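Reviewing the structure listed below.
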Amino acid sequence: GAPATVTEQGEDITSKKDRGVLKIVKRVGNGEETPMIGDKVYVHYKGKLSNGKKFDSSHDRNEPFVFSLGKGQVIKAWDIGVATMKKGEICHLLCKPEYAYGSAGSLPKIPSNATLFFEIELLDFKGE
Ligand SMILES: C=CC[C@@H]1/C=C(\C)C[C@H](C)C[C@H](OC)[C@H]2O[C@@](O)(C(=O)C(=O)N3CCCC[C@H]3C(=O)O[C@H](/C(C)=C/[C@@H]3CC[C@@H](O)[C@H](OC)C3)[C@H](C)[C@@H](O)CC1=O)[C@H](C)C[C@@H]2OC
């Protein structure tokens, strides 16, 4: 399924080249521009654990998740991955724990040492 496919066929988008964050573009976005550091970004997402369980979805809340890009307001894999996206893009990201919640996890949804799968849609980005 999709997690296996991004694991086996994804693009390493880390600067270190450590395969910590792998990406597949699933729906091509608009033009060429990507957000810049500090932009307000609006996304929709779904997350799955490596045991198959769906741990979260913003769609189910009928509201996007909004944060300021490149500020550490999200796990590393999201700052890195969202920065690569065009407006209207949908991607899959596979996130090793060093770019996610590490050995601590996140109580209660995320165990220790968890590799995470996300589907992310970049709805919009705005300078403030
Ligand atoms: C504290 C008050 C609650 C506050 C909760 C909200 C605003 C509601 C908001 C929709 C979050 C979700 O609530 C439904 C829920 O989203 C997940 O399910 C999820 O999909 C996820 O992975 N996300 C969310 C989307 C952005 C990426 C990532 C994240 O980076 O999330 C961030 C995260 C957990 C960062 C930790 C913070 C501690 C550091 O030590 C650790 O460092 C490695 C990283 C979120 C946004 C936090 O900044 C803010 C909060 O936590 C988490 C699995 C658990 C999280 O609920 C807790």
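By convention in this document, the chains of the structure tokens carry letters A, B, ... by their order, each chain's residues are numbered from 1, and ligands are numbered from 1 in the order they are shown.
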Review point. If you run DSSP on the backbone, which residues of chain A are helix (DSSP H, G or I), as a PyMOL selection string?
Key: chain A and resi 2-9+59-61+76-83+97-99
Practice item. May I have the residues within 10 Å of ligand 1, computed using only C-alpha atoms and all ligand atoms, as a ChimeraX atom specification? Key: /A:43-49,54-58,61,63-67,72-79,97-111,116-118,120
Check your understanding: Hey, what does DSSP flag as strand (DSSP E) within segment 16-69 of chain A? Can you give it to me as a PyMOL selection string?
Key -> chain A and resi 21-27+40-49+54-57+65-68
Check your understanding: For residue 124 of chain A, which residue out of A:24, A:2, A:93, A:69 is the nearest one, using only C-alpha atoms?
Key -> A:69
Practice item. Can you pull out every residue within 7 Å of residue 85 of chain A, counting only C-alpha atoms, but drop anything in the same chain fewer than 2 positions away, and send it as a list in words? Key: residues 34, 82, 83, 87, 89 and 122 of chain A
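Shortest atom-to-atom contact with residue 15 of chain A among A:123, A:28, A:92, A:80: A:80, counting only C-alpha atoms.
Atom CA of residue 13 of chain A lies 20.2 Å from atom CA of residue 50 of chain A.
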Exercise for review: Would you mind listing what lies within 9 Å of residue 81 of chain A as JSON, numbers by chain, with only C-alpha atoms counted and same-chain residues fewer than 6 positions away left out?
Suggested key: {"A": [13, 14, 21, 22, 23, 91, 93]}
Let's have the selection written as a PDB file, in the first residue's frame, with N, CA and C atoms.
```pdb
ATOM      1  N   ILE A  13      14.469  13.730   0.798  1.00  0.00           N
ATOM      2  CA  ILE A  13      14.464  15.191   0.719  1.00  0.00           C
ATOM      3  C   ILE A  13      15.229  15.801   1.888  1.00  0.00           C
ATOM      4  N   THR A  14      15.984  14.993   2.638  1.00  0.00           N
ATOM      5  CA  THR A  14      16.818  15.565   3.680  1.00  0.00           C
ATOM      6  C   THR A  14      18.085  16.186   3.107  1.00  0.00           C
ATOM      7  N   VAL A  21      13.525  11.350   5.756  1.00  0.00           N
ATOM      8  CA  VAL A  21      12.270  11.890   5.240  1.00  0.00           C
ATOM      9  C   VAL A  21      12.223  11.550   3.748  1.00  0.00           C
ATOM     10  N   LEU A  22      11.271  10.693   3.373  1.00  0.00           N
ATOM     11  CA  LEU A  22      11.061  10.305   1.981  1.00  0.00           C
ATOM     12  C   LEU A  22       9.731  10.849   1.509  1.00  0.00           C
ATOM     13  N   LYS A  23       9.695  11.258   0.234  1.00  0.00           N
ATOM     14  CA  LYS A  23       8.531  11.937  -0.311  1.00  0.00           C
ATOM     15  C   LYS A  23       8.131  11.376  -1.675  1.00  0.00           C
ATOM     16  N   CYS A  91       1.145  15.287  -1.168  1.00  0.00           N
ATOM     17  CA  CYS A  91       2.274  14.371  -1.125  1.00  0.00           C
ATOM     18  C   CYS A  91       2.080  13.341  -0.030  1.00  0.00           C
ATOM     19  N   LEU A  93       4.634  11.518   2.809  1.00  0.00           N
ATOM     20  CA  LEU A  93       5.881  11.619   3.517  1.00  0.00           C
ATOM     21  C   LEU A  93       6.033  10.438   4.476  1.00  0.00           C
TER      22      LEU A  93
END
```
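Among the candidate residues A:36, A:17, A:52, A:121, the one lying nearest to residue 88 of chain A is A:121, with distances computed using only C-alpha atoms.
Computed from the coordinates, the atom CA of residue 5 of chain A to atom CA of residue 96 of chain A distance equals 15.0 Å.
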Practice item. Quick one: pull the distance between atom CA of residue 95 of chain A and atom CA of residue 29 of chain A, Å, one decimal. Key: 21.6 Å
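Nearest residue to residue 3 of chain A, choosing from A:53, A:40, A:126, A:71 and counting only C-alpha atoms: A:53.
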